[PDB]
Protein chains: 2
Amino acid sequence: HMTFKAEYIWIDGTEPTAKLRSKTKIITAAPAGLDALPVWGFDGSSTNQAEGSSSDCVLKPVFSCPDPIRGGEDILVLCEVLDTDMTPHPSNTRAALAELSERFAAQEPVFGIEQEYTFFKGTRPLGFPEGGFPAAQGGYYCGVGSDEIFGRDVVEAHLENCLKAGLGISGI
Amino acid sequence: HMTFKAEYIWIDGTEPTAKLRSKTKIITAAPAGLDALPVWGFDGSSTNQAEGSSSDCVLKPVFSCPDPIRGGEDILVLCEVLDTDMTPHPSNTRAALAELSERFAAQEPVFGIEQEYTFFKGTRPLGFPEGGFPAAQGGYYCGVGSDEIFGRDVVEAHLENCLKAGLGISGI
């Protein structure tokens, strides 16, 4: 059997908006889906899931997919955060959804999310000139050309990475 | 006895908008107002007052003032342009005003002109960032501060220069 890299990804307790955290675990075992992946831990003081003296946190795998960047047999592991007593940590917002998801499974709710974002180079918007403003809006949206398109290389690389991960992307 | 510099300034025949031209004459004579100033000439082909093979032009002083830049006893001499027969050149637009001015001297017409201009550094507006736009208009007009004011050092030098020359400037 094989040795592979597992990227454990989780959400912290930062306010007002929580942030992603991740670290790499090197696993030497026979591959299996999710259930065979070890629970792990981290230091909460560093992630606002303590910033105190009593919170050490537990990482519990809830989702996994291939790591498109690392490639090969490497994987991404999305985790939920638990207290040392295996109850959901207060920052954990997944556990509430899982309860409601189960409660209303008969209705079969389905979601599509259209996720927007903006590129920056430092403090500057990537599509902005240094110290200034670009032309007013109108030609950027669904645009083409160097004058109006910024970051396409990134967007294309990201899209390819998401599909390779098996994520349900319908468009960009 | 003395030598002083005289800057002969005239307007050319460039189209659509005529341009200022100037050269320096070194005069070694006793100073007197306008009437003692020699008429002069130049080569028209170079100034769009020919662009041909037959125009040699005559400079006739109509106004003079101190040269504020050179200082001392030096002066600026504004001229009108004449044909070799001492008649007005076609580019000359002063001569038409002189006829109407005399014709209507009894009504005593008086003028004030509020002259606007914009600073540029190369192809770029002095108040614009390279490749972009500054914030929208509103804070520039009669403004103060580095964020909204561009070229005040030039503006001040020019105003002081106009006053030293004796021009009727009422404000900037």
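The figures here come from the full heavy-atom set of this structure, side chains too, leaving out hydrogens, waters and symmetry mates. Letters A, B, ... mirror the listed sequences (proteins, then strands); counts begin at 1.
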### Task
Walk me through it: do B/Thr24 and B/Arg70 pass the test side-chain hydrogen bond (donor to acceptor under 3.5 Å, both in side chains)?
CA-CA 11 Å; B/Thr24 312; B/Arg70 267 160 182 173; 2.8 Å; yes
### Working for side-chain contact (heavy atoms from CB on, under 4.5 Å), residues A/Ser22 and A/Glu7
CA-CA 7 Å; A/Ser22 94; A/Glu7 193 75 4; 2.7 Å; yes
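Classification of the A/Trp10-A/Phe42 ring pair by plane angle, with boundaries at 30° and 60°, yields parallel. The aromatic rings of A/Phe150 and A/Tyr140 are tilted relative to each other, their planes meeting at an angle between 30° and 60°.
Using a 4.0 Å cut-off between a side-chain N of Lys or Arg and a carboxylate O of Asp or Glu, A/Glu80 and A/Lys60 qualify as a salt bridge.
A distance below 6.0 Å separates the ring centres of B/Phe133 and B/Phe128.
Annotation for B/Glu51: atom CD counts as buried by contact number, over 12 foreign heavy atoms lying within 6.0 Å.
Between B/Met86 and B/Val58, some side-chain heavy-atom pair lies under the 4.5 Å cut-off. Looking at A/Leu20 and A/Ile11, their side chains come closer than 4.5 Å, going by heavy atoms from C-beta outward.
Pairing each heavy atom of A/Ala30 with each of A/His1, the nearest pair is N-CD2, 4.1 Å. Counting all heavy atoms, side chain and backbone alike, A/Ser46 lies closest to A/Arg21 at O-NH2, 4.0 Å.
Looking only at distances, no side-chain donor or acceptor of A/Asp83 sits under 3.5 Å from a matching main-chain atom of A/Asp85. No side-chain donor-acceptor contact under 3.5 Å links B/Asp67 to the backbone of B/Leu76. Checking side-chain atoms of B/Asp12 against main-chain N and O of B/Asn48 turns up no donor-acceptor pair under 3.5 Å.
Residue A/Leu97 holds its CG atom at 11.5 Å from CD of A/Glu102, rounded to the nearest 0.5 Å. Atoms CD1 and CD, on A/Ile169 and A/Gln115 in that order, are 10.0 Å from each other to the nearest 0.5 Å.
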